[PDB]
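The structure appears right after this line, and notes come after that.
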């Protein structure tokens, strides 16, 4: 498998290659690295049988109970 | 205005800023003048000005965060 991230917010595609997200969706992340530099920040993922690109700032790892701090420690929320 | 880096990012181009998760980023422009550069923002990290992907930051460095769907949260 690939890592599974969770959508934080709804996202509505603006084009046909973009993946629609709704809050709480589990997204399998297939690539975090755009081939074209102008697309950096968009990740490829799969949800619901569909594969497309989505903005990385709409997803998180898990549900929020554990936080990774800037200094690399973990905390409970 | 202060933003926070969401992810580590290692740059691979000229003028691009290194990000580490949790960095404070001061955003200078949210709008590339050229169409090829749309999606990249200009800002300053650690005293250095350069560009970075917009989607690798979130707004706010204190108790209130602004999400990209236009909502606000307590951090």
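Backbone-built Cβ (ideal geometry, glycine too); neighbour counts: all protein chains shown. Nothing in this text is a laboratory measurement; each read-out follows from the coordinates by a stated rule.
Brief remarks on what is shown
- Residue A:25 surrounded by 13 or more Cβ atoms within 10 Å (Cβ to Cβ), out of contact with any strand residue (DSSP E or B) (no Cβ under 6 Å at 6 or more places or on another chain) and touching a residue at least 12 places away in the same chain (Cβ under 8 Å): no
- Residues in region B:1-19 that are assigned to a loop (DSSP other than H, G, I, E, B) and under 24 Å from residue B:65 (Cβ atoms): B:1, B:6, B:7, B:8, B:17, B:18.
- Test: residue in region A:31-43 that is in contact with a strand residue (DSSP E or B) (Cβ under 8 Å, 6 or more places away or on another chain), over 18 Å from residue B:5 (Cα atoms) and in contact (Cβ under 8 Å) with a residue 24 or more places away in the chain: no
- Scanning region B:49-62 for residues that are within 23 Å of residue A:23 (Cα to Cα), more than 10 Å from chain A (Cβ to nearest Cβ) and not in a strand (DSSP E or B) turns up at least one hit.
- Among the residues examined, residue B:10 does not qualify as surrounded by fewer than 16 Cβ atoms within 10 Å (Cβ to Cβ), within 10 Å of chain A (Cβ to nearest Cβ) and out of contact with any strand residue (DSSP E or B) (no Cβ under 7 Å at 6 or more places or on another chain).
- Selection count where residues are within 13 Å of another protein chain (Cβ to nearest Cβ) and either in contact with a helix residue (DSSP H, G or I) (Cβ under 7 Å, 6 or more places away or on another chain) or surrounded by 10 or more Cβ atoms within 10 Å (Cβ to Cβ) (or both), scope region A:63-77: 5
- Within region B:33-62, the set of residues being surrounded by 14 or more Cβ atoms within 10 Å (Cβ to Cβ) and in contact with a helix residue (DSSP H, G or I) (Cβ under 9 Å, 6 or more places away or on another chain) comprises B:37, B:39, B:40, B:41, B:53, B:54, B:55, B:56, B:57, B:58.
- Tally of residues being in a loop (DSSP other than H, G, I, E, B), more than 21 Å from residue B:19 (Cα to Cα) and under 10 Å from the mean Cα position of the chain (by Cα) across region A:20-47: 1
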